[PDB]
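Asks: enclosed are the sequence and the experimentally obtained structure.
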Amino acid sequence: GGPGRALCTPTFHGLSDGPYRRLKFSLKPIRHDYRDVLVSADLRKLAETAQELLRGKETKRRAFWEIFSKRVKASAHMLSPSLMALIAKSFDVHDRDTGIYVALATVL
Amino acid sequence: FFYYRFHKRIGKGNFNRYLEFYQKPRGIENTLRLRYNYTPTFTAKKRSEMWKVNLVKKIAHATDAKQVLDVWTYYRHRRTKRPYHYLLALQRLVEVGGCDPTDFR
Amino acid sequence: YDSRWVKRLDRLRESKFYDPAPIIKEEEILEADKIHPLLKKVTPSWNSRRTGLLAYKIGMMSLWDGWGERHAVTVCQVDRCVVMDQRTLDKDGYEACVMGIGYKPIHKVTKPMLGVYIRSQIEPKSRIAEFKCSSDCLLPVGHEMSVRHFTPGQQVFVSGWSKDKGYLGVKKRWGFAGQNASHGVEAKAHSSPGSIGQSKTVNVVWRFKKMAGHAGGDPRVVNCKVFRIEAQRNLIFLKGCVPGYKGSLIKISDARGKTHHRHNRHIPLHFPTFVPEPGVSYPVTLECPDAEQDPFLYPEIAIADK
Amino acid sequence: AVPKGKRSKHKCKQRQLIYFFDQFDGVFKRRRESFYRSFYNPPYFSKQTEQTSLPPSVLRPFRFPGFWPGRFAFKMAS
Amino acid sequence: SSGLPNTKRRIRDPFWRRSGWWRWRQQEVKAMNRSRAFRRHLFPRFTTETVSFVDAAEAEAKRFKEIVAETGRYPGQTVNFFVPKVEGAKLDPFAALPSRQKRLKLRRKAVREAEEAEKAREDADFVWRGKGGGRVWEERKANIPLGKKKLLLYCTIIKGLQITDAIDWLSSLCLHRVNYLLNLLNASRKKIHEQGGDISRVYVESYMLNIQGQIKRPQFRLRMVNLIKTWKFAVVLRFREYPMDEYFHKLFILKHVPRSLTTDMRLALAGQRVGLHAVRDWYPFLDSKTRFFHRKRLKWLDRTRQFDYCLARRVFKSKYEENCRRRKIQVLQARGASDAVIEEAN
Amino acid sequence: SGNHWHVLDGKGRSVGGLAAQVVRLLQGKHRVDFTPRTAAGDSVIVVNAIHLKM
Amino acid sequence: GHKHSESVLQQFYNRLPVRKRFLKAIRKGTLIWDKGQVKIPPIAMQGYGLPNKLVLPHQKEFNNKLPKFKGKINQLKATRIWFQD
RNA sequence: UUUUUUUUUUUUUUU
RNA sequence: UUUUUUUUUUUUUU
RNA sequence: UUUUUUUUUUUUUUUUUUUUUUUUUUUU
RNA sequence: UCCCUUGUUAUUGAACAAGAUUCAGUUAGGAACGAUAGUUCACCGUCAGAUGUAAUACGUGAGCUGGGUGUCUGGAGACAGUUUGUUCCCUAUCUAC
RNA sequence: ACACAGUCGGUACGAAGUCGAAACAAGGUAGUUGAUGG
RNA sequence: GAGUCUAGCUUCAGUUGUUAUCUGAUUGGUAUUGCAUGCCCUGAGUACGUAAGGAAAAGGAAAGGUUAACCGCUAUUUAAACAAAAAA
RNA sequence: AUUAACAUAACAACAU
RNA sequence: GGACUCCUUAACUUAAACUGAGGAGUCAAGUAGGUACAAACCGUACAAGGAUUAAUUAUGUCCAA
RNA sequence: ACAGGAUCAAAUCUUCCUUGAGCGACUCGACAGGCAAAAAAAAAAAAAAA
């Protein structure tokens, strides 16, 4: 017994059921080089992609273009005079004008 | 942790005739290690453990020393920092175009 | 590290190998090679406190006085008490001075400890202590304390550890009464503690109950009087008694409270330290001033019945 | 006084290990170290047991011939 | 000192510490100890295959019993059922299967056959095994006037130690009733040596106690008659031989060398029974400081990709086998046997 | 990280009321996903405690 | 304490988290405990009416018609005054 | 003037 | 309302 | 040479003497 | 607010000294013996320690006892002493091609 | 284990991806942003 | 990661009780007292009171008593009785 | 040869 | 040859859980709920059995709830 | 740590800013010491060299 009510004692309980109620948690191997991602690309990956674009005539998707442009824009202040020429020539060959040329004019 | 002991004692002081000064105190009142007395759930564990990946992920994405420093700062409380973590940050800092050694960060 | 019977003979034979007594002078002159450049005279204030000192208990002695009354005094020696470091509010968070005393073999000192001594430019120390004082009495690092810090005829506060007596009984420790030796008394009742609690109304023994156990080894404090000092050998004679073994560490400070109010009121004392002026001599030995009235005076006390 | 109840198995179990550690730290460990010191000195020879005991010896044997370099035996003479 | 144990000793407590030994603290301490323990190993960086240990007799017993359990008959029976044991029955239903000793003998023969077959394989120098393999021996000793309390103390001491080491441990006691254990130890060592196994690689696995009975006696008192009795117990011991592979990993890597070996080595060194060349050779196993520094250098080498596990194992095994072979060759030559006899013997 | 913070100004407020309010936050009962087994609350910071009334 | 059994009224007092000074007063009667507060007991004036909170429900109608005091203690002119039980 | 009682299991009296 | 205040008082009626 | 009261000394400090525990480590 | 020590200075039939009733604290330091054994009380003699009450199962009997108006070698609570430690008994064997 | 040593209940995989996110709108380009003069 | 000394917390009883204005070159501006038995001395044969009679503010000291500490002195008990010469 | 009480050992466990 | 409570009433110190009478409920032989903590008071569409569902009752609605 | 940085720029001897409080202070990185012999009221007393 006690001062309060005994029945008025809510208890946590699941309102449904499923097979993932006892799935143990484990730490999977973590990637060692995260820079390999286009999103998180670097000066080396940028140059490799530019060389691939100049070599191949493949018609890539919009996403690639977008991401490539954005990354370059972001990292414009880290490029070298030799790498800027390659990156701009890729665009010129593929006939793409996403405002990239204006941005590089401030750092060239 | 069957039993977690924690008490707030009446420490010595002098508050009488106190003058309001717009300044921060010495330090926090609570410093004792926080030890849970219950097993965590999957989501809790995940949130606790995701730092290992998020750190690197954000370091990689960073594009300036400011960002780098900020990122590093955010995961301050994160214990058990492997050596390679330092190496990564150093490499990124050098690539970004240097940093401020004098920086508290 | 010899045998019992070798040590016992040593104890007896030691007396035959005593070096001759030194030659004590009447005057002393100090030069600039024994003075801290940073040492200066500072005027005291209302909220100013001095520092303490450390000493080793040597032994008791009996000495006369100007009136001819014999008194028992303990001899204390300051074993090269030197300041190590200081504490500041900005740095640490409290004003204090760290001092060292004693000597230790180099073949017993750890490397991290030796690192401190190298910095300090001082020989290895046996013991290290700290004192809290006011900020205006912080002595410079490397200054060597002297017996001249305390003026003869002032009250001092002495602190130290008591002796050890091992395991003792209730009757031996506290000094219980016990029971009679006769009149039909059980064997066990001779030295029994007796009642140790109340009835079922109180089912628990009160804390801090007087019971049997290991005796001795406790901190104790006492008041003392500065009777005589020696500059040559750095010796101090204290009137009264000091706890601890003949060689144990003891702390000495000034009077506190009533002791200060009643006694240490009209006694001019060098607040910071003893500051000798180059080119002037100082006494070697200082004695306590005699009293005013004749101690050997027995006046008449009337005894009238009513 | 007299016991009020019976001791459980758990308590006994605890006591066992307690006692074992107590003994090991104070008897066995000291004895082992004292035993091991005698190796340097020649074995002990008793006069009383001379009737049946083997002759005295100084040299100690090697229990691990695998790690025993140098000659093991001498060739017979002509 | 002189007839008095040191007063300033430190007695360990398994359930209490001045720094705190609570449940919560135990977890952490255990975690850290396990973590440190795990890391002490040095596994190879390249292996060709992994071969596990399995007991054919034990598998066959389970296979024999499973068919009886599921079908209710015996292997080959098509007309008859299974008859379980009944009170007063002398016939053992599982009489066709072997006993524990027979299975151990079969194991001891199979391991010998596998050891002989190993030499044929060319890639035997890059094969992993783990732990579990080795010959196993069992003995017994009954009629021991000692109780469980007394027996356990000794048993726990002797558990997980070298055969030789155990002997010393028991000898150092200077006890009377320990002689019973001593005799069992000595007999087991002699029997294993006669069986051809290497006594230098034999370790004590575990033990087992069996109650036998009691012998009560009268005891008169002022107002009662107590009953005084005596204890009777039987001790069962198990021995296992460490293969070369296992042996190497424990001494070279783990550096868990026995004490007897090191004492012998130090004795020889002190007595000048060996040259200046042996000190360095035994440096990895001479003293605790040398073992620790050696292990640290090993770890550094390993991290530097400088250390070859397989090469070290081969060198170790070759040196041990060469010393063992030279011992026998010199022993045979000591008798003055002929060249033909020596060649036929080895 | 999932750790929320609530900084309050207890200037001229009642101790009881403040305490009552704080309790709620501490307990985490204000959320839908409240579990009595665990502590579903959020960190609470209080200032100007000297200014309380009774 | 040492006493085995105690009165309920005393026990009640014993449970009051107040200073010894106020405890004594409370015990005496100079002070009362109400609504978790300590205040002076009500004052009963001669001739004037008592507070409506102390009389019985059926006595309130007659108590309300009696004279009432709307002044200070200094201005009070009662022949005799005492605490209302 | 009223809402606030023995709410005398604890906190609280936030009106 | 004023550090006036061991059982002593002033000012203002809030 | 040791022990003891039958001898001697103190009757002050309490944010003092003293101490087994450095805590931005929120899931060892 | 308990026998003495405090409330300078208004309660007093309080001149001083020595006294009587009542109230208040942050609860400070103190209070010696003997004869007769009529179960305790009025009183008696000494140092004048200076008119010296109750509760706690008679407080207290697995601590002791006495001329009447039994025994028990301490198992669990409590209290008084004491405890090296991350390691220095043993054991703790990845990943998988 | 606080428990007369019991009973009820008890953890919700992926993005830990990324050359995606386009047929809302705006956009300091952050896979950013939507309510509110007290 | 490790050695020393320490900050904070804890500690017989118990409390929250402290600083407007601001000497003009004129010797300068609160300060370690919480506490308390009896008798004696200065104040004092003074205040008071026909007379007898007989105070306080402060300090100083001799007994008795409690706690703690210690072996310089005294009392009780008690132990020890051995290696200076390199001619030894 | 033989049930229980009783005595010892091996293996099995990780959201800790 | 009965324990508590409601009304009347004998005895007692208008005392006591006493001693003894008249007539209703409960316990005895009644579960779970409320009354803080141990039969007697309130309520019950009052315990054959099972499941994760809806309701005006004593009574509650600042926190433990 | 005078270690980093700004300036038409500092007496010998840094004008000024950054280092969250230069990891509470110093110091060590082959650092540190449990057990044994011997000694041992607490405590102190041994350099290595079988």
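Replies: Received, thanks. Residues are numbered from 1 along each chain as shown, chains lettered A, B, ... in the order given.

Asks: give me the number of residues near residue E:272?
Replies: With neighbours defined by other Cβ atoms under 10 Å in any protein chain shown, the count for residue E:272 comes to 8. Every C-beta, even on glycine, is put in place using the N, C-alpha and C of the backbone.

Asks: how far away is it from residue A:58?
Replies: 82 Å (Cβ to Cβ, to the nearest Å).

Asks: next one: residue E:53
Replies: Taking Cβ to Cβ, one finds residue E:53 at 56 Å from residue A:58.

Asks: of the two, which one has the most company?
Replies: More neighbours surround residue E:53 than the other of residue E:53 and residue A:58, with 12 against 7 (other Cβ under 10 Å).

Asks: tell me the SS of that one?
Replies: Following DSSP: H, G, I helix; E, B strand; the rest coil, residue E:53 is assigned to coil.

Asks: which residues touch it?
Replies: E:129-130, E:132-133 (Cβ atoms under 8 Å, 6 or more residues apart in numbering or on different chains).

Asks: which one of those residues is nearest to chain A?
Replies: Comparing the contacts of residue E:53 against chain A with Cβ to the nearest Cβ picks out residue E:130 as the nearest, at 23.6 Å.

Asks: skipping adjacent residues, who's closest to the closest one in space?
Replies: residue E:52 (7.1 Å; Cβ to Cβ, 6 or more residues apart in numbering or on different chains).

Asks: neighbours of the one you found, how many?
Replies: For residue E:52, the count of nearby residues is 9 (other Cβ under 10 Å).

Asks: quick check: which element contains residue 68?
Replies: Using chain A here. In this assignment (DSSP states H and E), residue A:68 forms part of helix A:62-74.

Asks: look at chain E instead
Replies: helix E:56-71.

Asks: report whether that helix contacts RNA strand N.
Replies: No. Shown here: helix E:56-71 not in contact with RNA strand N (Cβ under 7 Å from any atom of the strand), separated by at least 11.5 Å.

Asks: next secondary structure element downstream of that helix?
Replies: Per DSSP H and E, the first helix or strand lying C-terminal to helix E:56-71 is helix E:100-118.

Asks: buried residues, that next one. List them.
Replies: E:103-104, E:106-108, E:111 (16 or more other Cβ atoms under 10 Å in any protein chain shown).

Asks: circling back to that earlier point, quick one: the helix holding residue E:68 to helix E:100-118, angle?
Replies: 130 degrees (axes from the mean of the first three to the mean of the last three Cα atoms, to 10 degrees).

Asks: just the CA coordinates of helix E:56-71, formatted as PDB?
Replies: What follows is helix E:56-71, C-alpha atoms only, in PDB (Å, rounded to 0.1, in the frame of the first residue of the first chain):
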ATOM      1  CA  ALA E  56      36.500 -39.000 -34.300                       C
ATOM      2  CA  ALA E  57      35.600 -41.200 -31.400                       C
ATOM      3  CA  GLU E  58      33.600 -38.500 -29.700                       C
ATOM      4  CA  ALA E  59      31.800 -37.700 -33.000                       C
ATOM      5  CA  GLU E  60      31.100 -41.400 -33.500                       C
ATOM      6  CA  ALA E  61      29.600 -41.700 -30.000                       C
ATOM      7  CA  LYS E  62      27.200 -38.800 -30.700                       C
ATOM      8  CA  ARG E  63      26.300 -40.200 -34.100                       C
ATOM      9  CA  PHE E  64      25.600 -43.700 -32.600                       C
ATOM     10  CA  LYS E  65      23.400 -42.200 -29.900                       C
ATOM     11  CA  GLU E  66      21.400 -39.900 -32.200                       C
ATOM     12  CA  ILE E  67      20.200 -42.700 -34.400                       C
ATOM     13  CA  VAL E  68      19.000 -44.700 -31.400                       C
ATOM     14  CA  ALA E  69      17.300 -41.600 -30.000                       C
ATOM     15  CA  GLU E  70      15.500 -40.700 -33.200                       C
ATOM     16  CA  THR E  71      14.700 -44.100 -34.600                       C
END
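
Asks: chain center to it, what's the gap?
Replies: Relative to its chain's centre, helix E:56-71 lies at 29 Å (Cα atoms, centre = their mean, to the nearest Å).

Asks: and the contacts of it?
Replies: Residues from elsewhere that reach helix E:56-71, judged by Cβ under 8 Å, 6+ apart: E:73-75, E:82, E:94, E:96-98, E:102-103, E:106-107, E:110.
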